[PDB]
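A.B. asks: please find the sequence and an experimentally derived structure below.
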Amino acid sequence: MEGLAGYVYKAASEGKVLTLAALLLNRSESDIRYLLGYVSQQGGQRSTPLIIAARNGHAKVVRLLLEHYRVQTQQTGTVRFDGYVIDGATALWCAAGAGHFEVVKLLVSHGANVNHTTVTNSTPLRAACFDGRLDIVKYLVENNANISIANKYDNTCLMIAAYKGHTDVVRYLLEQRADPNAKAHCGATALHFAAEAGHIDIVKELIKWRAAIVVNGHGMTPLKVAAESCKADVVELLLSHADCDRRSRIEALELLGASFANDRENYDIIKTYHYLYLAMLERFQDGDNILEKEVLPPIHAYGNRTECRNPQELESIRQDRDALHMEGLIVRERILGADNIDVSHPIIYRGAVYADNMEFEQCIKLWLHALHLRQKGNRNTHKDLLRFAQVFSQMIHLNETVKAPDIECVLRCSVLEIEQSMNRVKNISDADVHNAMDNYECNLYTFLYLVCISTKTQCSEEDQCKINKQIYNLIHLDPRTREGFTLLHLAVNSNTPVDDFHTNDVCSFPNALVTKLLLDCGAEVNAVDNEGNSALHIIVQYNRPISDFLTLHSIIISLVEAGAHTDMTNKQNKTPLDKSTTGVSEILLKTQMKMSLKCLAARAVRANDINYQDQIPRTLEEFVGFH
Amino acid sequence: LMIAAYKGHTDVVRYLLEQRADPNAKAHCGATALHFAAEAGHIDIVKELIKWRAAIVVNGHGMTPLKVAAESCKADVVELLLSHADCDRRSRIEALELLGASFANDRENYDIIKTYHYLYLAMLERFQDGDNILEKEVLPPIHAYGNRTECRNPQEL
Amino acid sequence: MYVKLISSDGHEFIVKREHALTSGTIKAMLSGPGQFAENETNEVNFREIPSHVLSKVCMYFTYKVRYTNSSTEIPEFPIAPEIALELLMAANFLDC
Amino acid sequence: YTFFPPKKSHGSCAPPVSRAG
Amino acid sequence: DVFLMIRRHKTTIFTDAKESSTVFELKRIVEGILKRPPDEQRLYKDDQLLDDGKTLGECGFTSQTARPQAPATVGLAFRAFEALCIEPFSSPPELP
């Protein structure tokens, strides 16, 4: 039974032998086998009592269970609670991930499962390498288990040991003559993972095993990755690999200096200048067969600089920090192209710093260029749009003007990103549908915040027309949330979430200007949700009729003038007069009620319950449907 | 309790009322600890006192705490006091009218659109029943404010 | 000056022009080649709906003329259950 | 200076508001 | 401002009568709209004769009784006067 399953789970959790023995006996065989071969749903996650016994290092109770019964370790369970909680793993997987050697050895001694394959085909060796215990890895290797198991993206245990700090695990893995040239899905052959966390010993061990250098899928060498991670030690080690040439040395120094120019943890402008001057000196070190810096066309977002082709211009900007950071951004963009994953993360950091230092217009340009690059890369830029809305609301709250073409550009980019988000949501059925829908709702909320900011900015007539065109384009795809909420519903609802940043000071929902702009852009005023509520149904449920009576009056006037039905019904057959829950909203709706004979006739038809099917025009059938 | 309600320190007054203080604390001027909160627009303090049921009583100047809240242009406390479920209608019409009047002429709060909308809502709520119409009793026109005679109709408003 | 509404049973329903101008298709029927600019009949035909729905439509026209802005307490319009689903189609056809 | 009346505080100083009231 | 309905065997008129008014005004307007002299016209309301222009209230209708939702039926009698031969409208069909 489920209660008996909980009882035996609690008995096995405390590591008590006699309590579990008294709760796993005096019964038949089928119930006992069900008890020892099922998971218990604890805290929203299903887990075997053996899992919770191995997690606490209760080796005696599970050993006596193996002695007194024939319980197997092949039970399907989760992996860990560290942001994964995916099922399919065996009990030996969590035993190896629990950092307890004795439970692993007793599970191996009775029905070893060293070659378990989950949905991600992760062996217990993966969990042992994640834990970082040498003895468990050694015993699992001695248990005749393959060490060359590659996942769907080729998650080799050597790669995940190089990513972690366990140099002992990776050195034991390479001591068995494992292949270091293991290709991954992204082309990372275990050196990009090694030289990303600044593991000098792991990188030295892999270079000792001659892991070789190959450019991955993103067009980056492992040395370029090392320079990207702001780790000088691994760069200095890789520069002595004897196969680097002149082309990949000065560019690696420039990439390291650019990474040091704009980073959160590692921000040293003097180190950046020293590395840049060293790279410039190494370029102009002989005078013959000179390796000149390639000159990209100037970019408006990065000021108006034209790189540093000379040591003189590099020297003159030693005391000017922002020009140095712009130069670092320029050389990073030149080296890494317009296709790297982390190409805009230093740009994001610099924009955040600029906003924190009240430098806004340059921050706006930098974040606009970063958004353009990320949209070129086709990634989830919901957080970038959230930052856009936050900085725009901060500028508005600080009584600072906002450039209308910038608003139009970020609105159009957000519209396109919402289009691809809708395409992804349509494509995604059940893999990450919750995350996709959360990003969908976040994109909708950010668009609403941007619209609210745009309503509070003085803009040109052409700029206003372009913004209205963008809003028209977004509405004419009809985005919807989980509970059928259109964009108009979100602009009318009082329960629309507002971000904890400066959006609270400016973007307040319900907002009359947002709804007026949406209806002037041709939003569907009669659109219903999953629950049948219209925009007029939600606006009467507003529980603050007098504090912001301006907002309520303007939005009801706009909804009625746009053509909302002041008499339609939801799925619960409730008129917004009846669903008004407020005297003021009821009175405003009654004042704005434009009565018609069709409405009264349909309401009397619905109230008296007359079968209207196949007796009315088809377009009138919908009229009976909501009236 | 009275000064804590007047001041913005909601923690102090909430601790005082949680320590079983007096909710009906009369002052020399008649302000029973609700006017001090509903003069500075502290919505949370009024919420805390209503949770503790501070009760509504007319002060010395012939004003309810709702009347003071309407006088100080603070609309949110006016709403909260109207949602007390013991208010009747006439108090609601006069409170909305006083809120519009206070919004008409004040230093910190001066928004004539708020005055027009609140007076419109007061007139519509007043002329809601159709029958049993609550016609406004009007003082005779005073030469100081021009020669107007209020707005007894929504049309003239 | 007065609009003469006939029905399928030949019952006349002469009402005021301003009363009958609320319904859009009534205005359309009066316009076109049907002005009859001698303000004596202004007659229109209805060869598809019975007389009781015309009676209800005329009473609704007087209702709308009387109660369009008179306070906010609009009186309850009387609709019989049997005549329902016929006044609805008539109202849709009259765009009332 | 101008003509702006500083009496909005005087309408609120009639309540006993001070260090002591 | 009481709404009245005047019905012959086939035709029907919808008119509004002021509360502070008499029957003479409605007789005049029905004479103008029906080109018949007032003496020929008879207000056989509720199978009862009525006077010419004395008082609206004594005739049997008030503001509440003859509401615009359903004004009271008034039969018109003409000299050969005719009886109350008001032909009823068509019966609505029964419920499905």
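C.D. replies: Arrived safely, thanks for sending. Numbering: from 1, shown residues only, chains lettered A, B, ... in the order given.
A.B. asks: so what's whichever residue of chain D sits closest to chain B up against?
C.D. replies: As assessed by C-beta to the nearest C-beta, chain B sits closest to residue D:8 within chain D, at 5.1 Å. Where C-beta positions appear, they are placed from N, C-alpha and C, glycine not excepted. By C-beta atoms under 8 Å, 6 or more residues apart in numbering or on different chains, the contact list for residue D:8 reads B:106, B:107, B:108.
A.B. asks: just to check, the first one is in contact with residue B:74?
C.D. replies: Read that as residue B:106. No. The criterion here is C-beta atoms under 8 Å, and residue B:106 misses it with residue B:74 at 10.7 Å.
A.B. asks: so for these two, which sits in the more crowded spot?
C.D. replies: Neighbour count, other C-beta atoms under 10 Å in any protein chain shown: between residue B:106 and residue B:74, residue B:74 has more, with 24 against 14.
A.B. asks: OK, contacts around that one?
C.D. replies: B:38, B:39, B:40, B:41.
A.B. asks: tell me the secondary structure at residue E:16.
C.D. replies: Look at residue E:16: counting by DSSP: H, G, I helix; E, B strand; the rest coil, its state is strand.
A.B. asks: beta partners of it?
C.D. replies: On the basis of DSSP bridges, residue E:16 is bridged to residue E:3.
A.B. asks: do you know how far it is from residue A:144?
C.D. replies: Using C-beta to C-beta, to the nearest Å, we find residue E:16 at a distance of 104 Å from residue A:144.
A.B. asks: strands of the chain, residue ranges please.
C.D. replies: Using chain A. Here chain A has its strands, by DSSP state E, at A:40-42, A:45-47.
A.B. asks: the contacts of residue D:8 also near chain D: which ones?
C.D. replies: Near chain D, judged by C-beta under 8 Å from any C-beta of the partner chain, the entries from the contacts of residue D:8 are B:106, B:107, B:108.
A.B. asks: as a markdown table, those residues with distance to residue C:36 would be great.
C.D. replies: Conversion of the ones next to chain D among the contacts of residue D:8 to a markdown table gives the following (distance: C-beta to C-beta, whole Å):
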| residue | distance to residue C:36 |
| --- | --- |
| B:106 | 62 |
| B:107 | 66 |
| B:108 | 66 |
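A.B. asks: closest to residue C:9 out of the residues you listed?
C.D. replies: residue B:106 (67.4 Å; C-beta to C-beta).
A.B. asks: what parts of chain C come near chain A?
C.D. replies: Applying C-beta under 8 Å from any C-beta, one finds that chain C approaches chain A through C:57, C:60, C:64, C:72, C:74, C:77, C:79, C:81, C:84-85, C:87-89, C:91-92, C:94, C:96.
A.B. asks: near chain E too, which of those residues?
C.D. replies: Answer for these near chain E (C-beta under 8 Å from any C-beta): C:77, C:81.
A.B. asks: take the residues of chain C next to chain A and keep only those in helices.
C.D. replies: Residues of the residues of chain C next to chain A located in helices (DSSP state H): C:57, C:60, C:64, C:87, C:88, C:89, C:91, C:92, C:94.
A.B. asks: the last one contacts residue C:26, doesn't it?
C.D. replies: Read that as residue C:94. Yes. Using C-beta under 8 Å, residue C:94 is in contact with residue C:26, at 6.3 Å.
A.B. asks: so between the two, which is more surrounded?
C.D. replies: Set side by side, residue C:94 and residue C:26 show more neighbours around residue C:94, with 25 against 22, by other C-beta under 10 Å.
A.B. asks: which one is that one nearest to, not counting chain neighbours?
C.D. replies: residue C:23 (4.3 Å; C-beta to C-beta, 6 or more residues apart in numbering or on different chains).
A.B. asks: of all the ones next to chain D among the contacts of residue D:8, which comes closest to residue E:58?
C.D. replies: Nearest member of the ones next to chain D among the contacts of residue D:8 to residue E:58, counting by C-beta to C-beta, is residue B:106, at 58.9 Å.
A.B. asks: next, give phi and psi for that closest one.
C.D. replies: Main-chain torsions, residue B:106, degrees, to the nearest 10: phi -160, psi 160.
A.B. asks: who are the contact partners of it?
C.D. replies: B:73, D:8.
A.B. asks: distance of residue A:564 from chain E?
C.D. replies: The gap separating residue A:564 from chain E is 27 Å, by C-beta to the nearest C-beta, to the nearest Å.
A.B. asks: and the residue of chain E closest to chain D?
C.D. replies: For chain E, C-beta to the nearest C-beta, closest residue to chain D: residue E:1, 48.8 Å.
A.B. asks: what distance do you get for that residue to chain C?
C.D. replies: On the measure of C-beta to the nearest C-beta, residue E:1 and chain C end up 8 Å apart.
A.B. asks: repeat that for residue A:412.
C.D. replies: 40 Å.
A.B. asks: need the contact partners of stretch C:75-87.
C.D. replies: By C-beta under 8 Å, 6+ apart, stretch C:75-87 touches A:597, A:600-601, A:604-605, A:608, A:610, A:612, A:615-616, C:49-50, C:52-53, C:56-57, C:60, C:63, C:67, E:67, E:69-70, E:92-95.
A.B. asks: residues of chain C that sit close to chain E?
C.D. replies: Going by C-beta under 8 Å from any C-beta, the residues of chain C near chain E are C:2, C:8-16, C:19, C:50-52, C:55, C:58-59, C:61-63, C:65-67, C:75-78, C:80-83, C:86.
A.B. asks: only the buried subset of the residues you listed, as a ChimeraX command please.
C.D. replies: Burial among the residues of chain C next to chain E is assessed by 16 or more other C-beta atoms under 10 Å in any protein chain shown; the matching ChimeraX selection reads:
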select /C:2,11,12,13,14,15,16,19,50,51,52,55,58,59,61,62,63,65,66,67,77,83,86
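A.B. asks: among the residues of chain C next to chain E, which ones are in strands?
C.D. replies: C:2, C:15, C:16.
A.B. asks: right, and the last one touches residue C:3 too?
C.D. replies: Yes. Under the contact definition of C-beta under 8 Å, residue C:16 touches residue C:3, with a separation of 7.1 Å.
A.B. asks: coming back round to it: between the ones in strands among the residues of chain C next to chain E, which is closest to residue C:39?
C.D. replies: For those, the nearest to residue C:39 is residue C:2 (7.7 Å; C-beta to C-beta).
A.B. asks: I figured that closest one hits residue C:17, correct?
C.D. replies: Yes. Counting by C-beta under 8 Å, residue C:2 does reach residue C:17; the two are 6.3 Å apart.
A.B. asks: show me the common contact partners of these two, please.
C.D. replies: residue C:42.
A.B. asks: ok, back up a step: in PyMOL, select just the buried ones from the residues of chain C next to chain A.
C.D. replies: Only the buried entries of those go into this PyMOL selection, using 16+ other C-beta under 10 Å:
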select buried, chain C and resi 57+60+64+72+77+79+84+85+87+88+89+91+92+94+96
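A.B. asks: one step back: now do the shared contacts for residue C:94 and residue C:26.
C.D. replies: Between them, residue C:94 and residue C:26 share no contacting residue, judged by C-beta under 8 Å, 6+ apart.
A.B. asks: how near is the nearest residue to residue C:74 once chain neighbours are set aside to residue C:77?
C.D. replies: Distance criterion C-beta to C-beta, 6+ apart; nearest residue to residue C:74, sequence neighbours excluded, is residue C:67 at 5.5 Å. Separation of residue C:67 from residue C:77 (C-beta to C-beta) stands at 9 Å.
A.B. asks: number of nearby residues for whatever residue of chain D ends up closest to chain C?
C.D. replies: In chain D, the residue that lies nearest chain C is residue D:11 (36.6 Å; C-beta to the nearest C-beta). For residue D:11, the count of nearby residues is 11 (other C-beta under 10 Å).
A.B. asks: brilliant, that's me finished.
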